[PDB]
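A.B. asks: One structure, as structure tokens, below. Some questions next.
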Amino acid sequence: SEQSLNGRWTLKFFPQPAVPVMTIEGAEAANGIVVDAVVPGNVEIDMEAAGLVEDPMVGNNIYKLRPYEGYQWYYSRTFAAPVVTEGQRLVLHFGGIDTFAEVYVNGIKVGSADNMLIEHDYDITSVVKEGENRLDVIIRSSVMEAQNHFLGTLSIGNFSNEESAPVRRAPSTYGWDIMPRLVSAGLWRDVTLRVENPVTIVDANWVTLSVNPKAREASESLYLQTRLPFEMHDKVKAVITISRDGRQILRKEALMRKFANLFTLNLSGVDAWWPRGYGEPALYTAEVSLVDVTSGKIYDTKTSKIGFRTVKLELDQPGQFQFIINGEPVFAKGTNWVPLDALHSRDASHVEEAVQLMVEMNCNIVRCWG
Amino acid sequence: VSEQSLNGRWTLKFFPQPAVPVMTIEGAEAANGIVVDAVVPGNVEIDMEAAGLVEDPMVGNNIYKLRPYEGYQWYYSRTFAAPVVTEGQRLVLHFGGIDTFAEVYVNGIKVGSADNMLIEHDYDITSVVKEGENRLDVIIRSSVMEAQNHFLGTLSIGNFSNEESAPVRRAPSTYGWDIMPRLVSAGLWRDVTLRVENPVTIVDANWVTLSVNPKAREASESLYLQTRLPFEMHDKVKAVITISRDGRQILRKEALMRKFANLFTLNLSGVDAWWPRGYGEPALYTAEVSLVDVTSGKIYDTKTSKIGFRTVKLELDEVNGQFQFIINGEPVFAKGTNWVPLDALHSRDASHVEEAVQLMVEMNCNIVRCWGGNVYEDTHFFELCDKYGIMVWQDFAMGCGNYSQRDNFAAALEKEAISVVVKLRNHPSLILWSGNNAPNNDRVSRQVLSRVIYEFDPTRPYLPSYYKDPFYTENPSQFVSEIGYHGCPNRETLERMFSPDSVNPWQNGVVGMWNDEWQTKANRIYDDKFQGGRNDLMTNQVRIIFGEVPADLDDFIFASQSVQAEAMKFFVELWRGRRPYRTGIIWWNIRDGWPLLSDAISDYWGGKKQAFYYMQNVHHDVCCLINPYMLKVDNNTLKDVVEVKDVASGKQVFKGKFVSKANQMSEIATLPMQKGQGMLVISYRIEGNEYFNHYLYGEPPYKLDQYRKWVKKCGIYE
């Protein structure tokens, strides 16, 4: 189960004082403006929906957002407590927080975020009560956080802003030659509530050792790590299924003796993955599940789509290399991937349109710019 | 000044570990469990077997019954008397081995948190100790569940070592291997004492031999002395250094302590060099350091240990095991055994050290590589190696595979590496440190461990990492380290390992098919029912070298120990035969650590196999042997007749004198190719003492009954 906490929140913004507000009391006692926010979303969208700011995409209205870089942002909402049996763990997942933020649940701090580029998972099993819970996030100024660090000589004078060096944020958000200075802020990705049984898959890392497209075979290894209580050892099996279009190709069951195992599979009758031009992008649904060998109850499932391919950069001056996919030297033709939107919360709505631009132009490679 | 032993009768309370691990005394006392009497040092399985709760894990498939106890907690508890402590003294609670993750409490106050089973743990309980009954509580938690507190890498999953052994600092073999079963266990597996230290005391006395002239009987010995010394005692304490041997005194030097740390150099005279077994005598000298008050003459602390004047250098050739050991400036040939666990229940390792070291003495081993999968043997083990002359190749405790590259693991490994090096850097037997790994981009083997040796031991070299087929006779590895060959143990051992209804190896009389009880003793880590695997290596060797399977169990025992004896004897004869080029050979297992089937030449209960006596005759200091014929003698000493004859026909193949030069392989004469499957005897006498050997010539398959009578007419062996 994964109940989504996306929707309408309550955002309160105010200039950041000399001491950044980091508690729910200081935020609720400050002097600011309270508007309705949308999660996922940026704070510029929430203020634009209330007429506080003008459209930054028209003319010189982008500089009119400059004073908001030294503002704080107070998200708030209420959520019902999901049914949690004893032994399960309730996790509050954050797809993205821009950036330095202090998360609170029912008045108790449940973590401190310091990066907008990675996820943030918080175990809130004990703090969640019965009924009306409250989730309050308090973001501070990402620009002012750069002054908490002393920079070196080489970190000053670059085209990237000196404010971007001591922090972990997207360098283009501070302005570049192809993207504007819209530092922005806010929960720009999904916020959900995942449940975790005492037996739950931690990671399912698929690796392609060798591939043989001619013989239609490939060696696929699976590195599985799981949280398995010892009272559940030797009582749970792992079901590995690799199918394609409702057609199963592999079904292997193995008893969970250890908590981490390497399951090397020798697939038969499977096509290799190829870039555009060099063949078909053969994908296979690879689903893993931890099922009780007695009650038959499935605890956790991790499904994905993998491709039997091998990569090997062949070197010999910048650029003296060639990609070798599946043993054949391929000629790369593609574009660099830049930000899809200065307000990165809308990148999910533009990814489908932008990828179509590459399909239409038949690009085999794409370099996601740093 | 005082060391009260806390060994003896304890109170062990074990219970299934809940979701939240028990950390405090209140939770352990309120938990529902079973309480029995425990013995320290001792494993928890020994304390449960003494109460009739578990059956003997050494017999049958009962090793799998200790599986649920891997997720159990263990609550040791006792009371001790508090010794009187004067002003400035400190009371140290010394644990010799905590297995593994435990919380130590003294009078309800947490004094330490142990997370390593391979090093010692000292806790100053000077303040928390009261008068009367002083409670001591050690609450251990599961080592298997602790592996889930980490996120492993890709290169740390799927190796021979268990994935539970990667994040923790324990012995990898305790989780399962090829020659040791899965017995993780727990408990205070070493001594627990109460040491009292004066304000003036010796923290460490590191002895290092700088120069050795073994001919002129001279040596230069340095002492890096670090002491705890209050400033009021400065200029009032003197260091007394005494070098003695067999009661007589050689050197005595006194120096006033003006600093807490000093380097004392000693140009000794009339002393002998410590040579390995064969190349000389293991000359040991008792070295003693004492801190004495310059006015009252009171002794504050004293450290006594036997040292050996020796220098070690490893000349490695790389591309161009391509190294050669140099001891005291002379190239030595290394021939010895790899040391594996002496017991899956490691608390009983101490009782087996005396017996197992003598096995290398009768084998005439001059080197022994302590396998990385084994716990660090205590000081008493290295003391026997100093006494006899058996060099040590100590591997850091890491199994076959790679480990974490992050700061958390590297810091926990440096703490263990420092504690181990400082503990063993004063024994002349220890000659080399190694990581037991695979590569040159590994932080563990190329940075963390190397930096510890660079600072705490700059004297010993460090390293990061059918039988006549061309895989063995053409391998260009000058220094081989893991050569093995399977062999079935003695009958008396089989009758004790297996139940009476399973002493016979064959299932339903079908030869080649092993029953489940033989499959488990072949080191089956888990209860996975399958046919074949490792035990098929015993049948594969008997079929090729002797034709097919001997249905008679005694005929199969004789066949299995003969294919192992003839193989590894041919390996020692091949490395000693190609000596000018070969640098050393270290075979696998001279004593296993559990009732199991392995490549060992001797089982756990002491049953020496035929490969023991075979390799003895090819391990003398001066040994005559035949290689594919070529009769040659190899000499493993620094000190400068033979009769070959067929056993059946009795015709003298060759007779004559020989001059075996020191530390050199001297070839004798080329023998003619005798037709027919037979056997030769190599009788040679040196200095009035007689010695015997043999050489089996021909080509397999052979006949078991014919070979049984060849060695009978030989006179050597049964």
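Naming works like this for the structure tokens: A, B, ... for the chains as they're shown, residue 1 at the start of each chain, ligands 1 onward in shown order.
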Just asking: which residues within range 20-80 of chain B are strand (DSSP E or B) according to DSSP, as number ranges by chain?

C.D. replies: B: 34-40, 72-80

A.B. asks: Could you please select, counting only C-alpha atoms, the residues of chain A within 7 Å of chain B and state them as an MDAnalysis selection string?

C.D. replies: chainID A and resid 223 227 230 260:262

A.B. asks: Restricting the output to N, CA and C atoms, write the selected residues as a compact mmCIF listing (two decimals), in the first residue's frame.

C.D. replies:
# COMPACT_ATOMS: atom_id res chain seq x y z
N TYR A 223 21.01 -9.30 -7.92
CA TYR A 223 21.56 -9.08 -6.59
C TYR A 223 20.42 -8.59 -5.70
N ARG A 227 15.10 -7.13 3.95
CA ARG A 227 14.96 -7.15 5.40
C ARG A 227 14.12 -8.36 5.78
N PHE A 230 14.73 -13.12 11.51
CA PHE A 230 15.28 -14.46 11.61
C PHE A 230 14.19 -15.50 11.88
N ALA A 260 20.86 -11.72 1.76
CA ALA A 260 21.34 -11.20 0.48
C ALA A 260 21.85 -12.36 -0.35
N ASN A 261 21.38 -12.46 -1.59
CA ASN A 261 21.74 -13.56 -2.47
C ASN A 261 22.00 -13.04 -3.88
N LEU A 262 22.84 -13.77 -4.61
CA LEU A 262 23.08 -13.53 -6.02
C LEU A 262 22.46 -14.69 -6.79

A.B. asks: Give me, please, the distance in Å between CA of residue 635 in chain B and CA of residue 672 in chain B, quoted to one decimal.

C.D. replies: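 CA of residue 672 in chain B lies at a distance of 24.1 Å from CA of residue 635 in chain B.
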
A.B. asks: Rounded to one decimal place, report the CA of residue 679 in chain B-CA of residue 559 in chain B distance in Å.

C.D. replies: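 For CA of residue 679 in chain B relative to CA of residue 559 in chain B, the distance reads 16.4 Å.
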
A.B. asks: Tell me which protein, DNA and RNA residues are within 10 Å of range 80-91 of chain A, counting only C-alpha atoms, leaving out same-chain ones fewer than 6 positions away, and put them as a PyMOL selection string.

C.D. replies: (chain A and resi 1-3+5+120-134+192-200) or (chain B and resi 19-20)

A.B. asks: Mind checking DSSP for range 416-495 of chain B and telling me the alpha helix (DSSP H) residues as a PyMOL selection string?

C.D. replies: chain B and resi 416-424+443+449-456+470-473+491-495

A.B. asks: Emit the selected residues as a PDB file, in the first residue's frame, including N, CA and C atoms.

C.D. replies:
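result-v3.pdb written:
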ATOM      1  N   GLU B 416      40.572  -2.738  14.336  1.00  0.00           N
ATOM      2  CA  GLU B 416      40.970  -4.132  14.481  1.00  0.00           C
ATOM      3  C   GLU B 416      42.400  -4.353  14.003  1.00  0.00           C
ATOM      4  N   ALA B 417      42.788  -3.702  12.904  1.00  0.00           N
ATOM      5  CA  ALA B 417      44.129  -3.897  12.363  1.00  0.00           C
ATOM      6  C   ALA B 417      45.194  -3.352  13.304  1.00  0.00           C
ATOM      7  N   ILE B 418      44.923  -2.217  13.951  1.00  0.00           N
ATOM      8  CA  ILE B 418      45.888  -1.650  14.889  1.00  0.00           C
ATOM      9  C   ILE B 418      46.023  -2.542  16.117  1.00  0.00           C
ATOM     10  N   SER B 419      44.892  -2.983  16.674  1.00  0.00           N
ATOM     11  CA  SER B 419      44.931  -3.834  17.860  1.00  0.00           C
ATOM     12  C   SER B 419      45.638  -5.155  17.587  1.00  0.00           C
ATOM     13  N   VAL B 420      45.515  -5.683  16.369  1.00  0.00           N
ATOM     14  CA  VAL B 420      46.136  -6.962  16.047  1.00  0.00           C
ATOM     15  C   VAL B 420      47.632  -6.798  15.807  1.00  0.00           C
ATOM     16  N   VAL B 421      48.029  -5.765  15.062  1.00  0.00           N
ATOM     17  CA  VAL B 421      49.440  -5.589  14.729  1.00  0.00           C
ATOM     18  C   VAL B 421      50.260  -5.317  15.985  1.00  0.00           C
ATOM     19  N   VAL B 422      49.799  -4.389  16.827  1.00  0.00           N
ATOM     20  CA  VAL B 422      50.533  -4.070  18.051  1.00  0.00           C
ATOM     21  C   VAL B 422      50.646  -5.296  18.950  1.00  0.00           C
ATOM     22  N   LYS B 423      49.673  -6.204  18.876  1.00  0.00           N
ATOM     23  CA  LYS B 423      49.678  -7.387  19.729  1.00  0.00           C
ATOM     24  C   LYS B 423      50.694  -8.429  19.275  1.00  0.00           C
ATOM     25  N   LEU B 424      50.934  -8.546  17.968  1.00  0.00           N
ATOM     26  CA  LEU B 424      51.747  -9.629  17.423  1.00  0.00           C
ATOM     27  C   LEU B 424      53.042  -9.154  16.769  1.00  0.00           C
ATOM     28  N   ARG B 443      40.226  -0.036  -1.489  1.00  0.00           N
ATOM     29  CA  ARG B 443      40.695   0.809  -0.366  1.00  0.00           C
ATOM     30  C   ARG B 443      41.076  -0.099   0.794  1.00  0.00           C
ATOM     31  N   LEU B 449      44.638  -1.202   5.264  1.00  0.00           N
ATOM     32  CA  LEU B 449      45.541  -2.151   5.909  1.00  0.00           C
ATOM     33  C   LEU B 449      47.000  -1.778   5.679  1.00  0.00           C
ATOM     34  N   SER B 450      47.325  -1.264   4.491  1.00  0.00           N
ATOM     35  CA  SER B 450      48.710  -0.901   4.208  1.00  0.00           C
ATOM     36  C   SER B 450      49.172   0.268   5.068  1.00  0.00           C
ATOM     37  N   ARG B 451      48.277   1.213   5.364  1.00  0.00           N
ATOM     38  CA  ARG B 451      48.660   2.363   6.176  1.00  0.00           C
ATOM     39  C   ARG B 451      48.937   1.961   7.619  1.00  0.00           C
ATOM     40  N   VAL B 452      48.223   0.955   8.130  1.00  0.00           N
ATOM     41  CA  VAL B 452      48.460   0.495   9.494  1.00  0.00           C
ATOM     42  C   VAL B 452      49.834  -0.151   9.608  1.00  0.00           C
ATOM     43  N   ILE B 453      50.195  -0.991   8.636  1.00  0.00           N
ATOM     44  CA  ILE B 453      51.523  -1.599   8.626  1.00  0.00           C
ATOM     45  C   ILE B 453      52.599  -0.536   8.451  1.00  0.00           C
ATOM     46  N   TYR B 454      52.291   0.534   7.713  1.00  0.00           N
ATOM     47  CA  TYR B 454      53.284   1.570   7.449  1.00  0.00           C
ATOM     48  C   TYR B 454      53.678   2.324   8.714  1.00  0.00           C
ATOM     49  N   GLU B 455      52.777   2.411   9.693  1.00  0.00           N
ATOM     50  CA  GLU B 455      53.013   3.188  10.903  1.00  0.00           C
ATOM     51  C   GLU B 455      53.337   2.349  12.129  1.00  0.00           C
ATOM     52  N   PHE B 456      52.745   1.164  12.262  1.00  0.00           N
ATOM     53  CA  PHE B 456      52.901   0.349  13.459  1.00  0.00           C
ATOM     54  C   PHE B 456      53.776  -0.881  13.255  1.00  0.00           C
ATOM     55  N   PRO B 470      48.728 -30.889 -16.599  1.00  0.00           N
ATOM     56  CA  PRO B 470      49.475 -29.631 -16.779  1.00  0.00           C
ATOM     57  C   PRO B 470      48.991 -28.486 -15.900  1.00  0.00           C
ATOM     58  N   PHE B 471      47.841 -28.622 -15.233  1.00  0.00           N
ATOM     59  CA  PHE B 471      47.398 -27.579 -14.314  1.00  0.00           C
ATOM     60  C   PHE B 471      48.312 -27.477 -13.099  1.00  0.00           C
ATOM     61  N   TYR B 472      48.988 -28.565 -12.741  1.00  0.00           N
ATOM     62  CA  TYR B 472      49.890 -28.593 -11.597  1.00  0.00           C
ATOM     63  C   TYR B 472      51.359 -28.633 -11.985  1.00  0.00           C
ATOM     64  N   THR B 473      51.727 -29.458 -12.965  1.00  0.00           N
ATOM     65  CA  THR B 473      53.127 -29.628 -13.337  1.00  0.00           C
ATOM     66  C   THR B 473      53.661 -28.489 -14.197  1.00  0.00           C
ATOM     67  N   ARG B 491      38.546 -45.016   9.721  1.00  0.00           N
ATOM     68  CA  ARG B 491      37.296 -45.695  10.046  1.00  0.00           C
ATOM     69  C   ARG B 491      36.792 -45.303  11.430  1.00  0.00           C
ATOM     70  N   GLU B 492      37.688 -45.257  12.421  1.00  0.00           N
ATOM     71  CA  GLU B 492      37.279 -44.862  13.765  1.00  0.00           C
ATOM     72  C   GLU B 492      36.678 -43.464  13.775  1.00  0.00           C
ATOM     73  N   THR B 493      37.147 -42.584  12.889  1.00  0.00           N
ATOM     74  CA  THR B 493      36.542 -41.263  12.774  1.00  0.00           C
ATOM     75  C   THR B 493      35.159 -41.346  12.138  1.00  0.00           C
ATOM     76  N   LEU B 494      34.999 -42.201  11.123  1.00  0.00           N
ATOM     77  CA  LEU B 494      33.702 -42.343  10.467  1.00  0.00           C
ATOM     78  C   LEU B 494      32.649 -42.880  11.430  1.00  0.00           C
ATOM     79  N   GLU B 495      33.024 -43.852  12.266  1.00  0.00           N
ATOM     80  CA  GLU B 495      32.089 -44.421  13.230  1.00  0.00           C
ATOM     81  C   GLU B 495      31.635 -43.404  14.268  1.00  0.00           C
TER      82      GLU B 495
END

A.B. asks: Taking 5 positions as the minimum chain separation for residues in the same chain, which residues sit within 8 Å of residue 636 in chain B when counting only C-alpha atoms? Answer as a list in words.

C.D. replies: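 Those residues are residues 278, 279, 332, 333, 621, 622, 662, 663 and 664 of chain B.
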
A.B. asks: Please provide the set of residues having any atom within 7 Å of residue 695 in chain B, restricted to only C-alpha atoms, with same-chain residues fewer than 3 positions apart removed, written as a ChimeraX atom specification.

C.D. replies: /B:626,679-681

A.B. asks: Restrict the selected residues to N, CA and C atoms and save them as a PDB file, in the first residue's frame.

C.D. replies:
ATOM      1  N   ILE B 626      62.386 -38.571  -6.235  1.00  0.00           N
ATOM      2  CA  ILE B 626      62.428 -38.809  -7.674  1.00  0.00           C
ATOM      3  C   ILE B 626      61.303 -38.019  -8.328  1.00  0.00           C
ATOM      4  N   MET B 679      56.941 -49.873  -8.257  1.00  0.00           N
ATOM      5  CA  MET B 679      57.269 -48.880  -7.245  1.00  0.00           C
ATOM      6  C   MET B 679      58.740 -49.012  -6.886  1.00  0.00           C
ATOM      7  N   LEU B 680      59.380 -47.879  -6.614  1.00  0.00           N
ATOM      8  CA  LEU B 680      60.769 -47.840  -6.188  1.00  0.00           C
ATOM      9  C   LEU B 680      60.851 -47.479  -4.711  1.00  0.00           C
ATOM     10  N   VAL B 681      61.999 -47.779  -4.110  1.00  0.00           N
ATOM     11  CA  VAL B 681      62.307 -47.385  -2.742  1.00  0.00           C
ATOM     12  C   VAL B 681      63.601 -46.586  -2.756  1.00  0.00           C
TER      13      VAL B 681
END

A.B. asks: List as a ChimeraX atom specification the protein and nucleic acid residues near residue 97 in chain A, meaning an atom at most 8 Å away when only C-alpha atoms are counted, but skip any in the same chain fewer than 4 places from it.

C.D. replies: /A:101,113,115-116,185-189

A.B. asks: I want to know what sits within 9 Å of range 464-469 of chain B, based on only C-alpha atoms, with residues of the same chain fewer than 3 positions away left out; could you give that as a PyMOL selection string?

C.D. replies: chain B and resi 433-438+440+444-446+449-450+472-474+485+540-541+544-545+563+567-568+570-571

A.B. asks: Give me, please, the distance in Å between CA of residue 717 in chain B and CA of residue 682 in chain B, quoted to one decimal.

C.D. replies: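 Between CA of residue 717 in chain B and CA of residue 682 in chain B the gap works out to 14.2 Å.
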
A.B. asks: Kindly assemble as a tab-separated table a list of the range 166-242 of chain B residues that lie within 12 Å of range 52-60 of chain B, each paired with its nearest atom pair and their distance in Å to one decimal, using only C-alpha atoms, sorted first by chain and then by ascending residue number.

C.D. replies:
residue	atom	partner	partner_atom	distance
B:180	CA	B:58	CA	11.8
B:181	CA	B:58	CA	10.0
B:182	CA	B:57	CA	10.5
B:183	CA	B:57	CA	9.1
B:185	CA	B:57	CA	11.8

A.B. asks: Would you mind exporting the chosen residues as a compact mmCIF listing (two decimals), in the first residue's frame, restricted to N, CA, C and O atoms?

C.D. replies:
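Result saved to out-v8.txt:
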# COMPACT_ATOMS: atom_id res chain seq x y z
N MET B 180 34.93 -26.06 6.94
CA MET B 180 34.45 -25.73 8.30
C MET B 180 32.94 -25.54 8.24
O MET B 180 32.46 -24.96 7.25
N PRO B 181 32.17 -26.01 9.23
CA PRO B 181 30.70 -25.96 9.16
C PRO B 181 30.18 -24.59 9.55
O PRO B 181 30.91 -23.70 10.00
N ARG B 182 28.85 -24.47 9.51
CA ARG B 182 28.22 -23.20 9.92
C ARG B 182 27.88 -23.27 11.41
O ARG B 182 26.82 -23.82 11.74
N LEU B 183 28.76 -22.75 12.26
CA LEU B 183 28.46 -22.65 13.71
C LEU B 183 28.83 -21.22 14.11
O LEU B 183 30.02 -20.98 14.38
N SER B 185 27.53 -19.23 16.71
CA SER B 185 27.76 -19.26 18.18
C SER B 185 27.78 -17.87 18.79
O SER B 185 27.35 -16.92 18.11
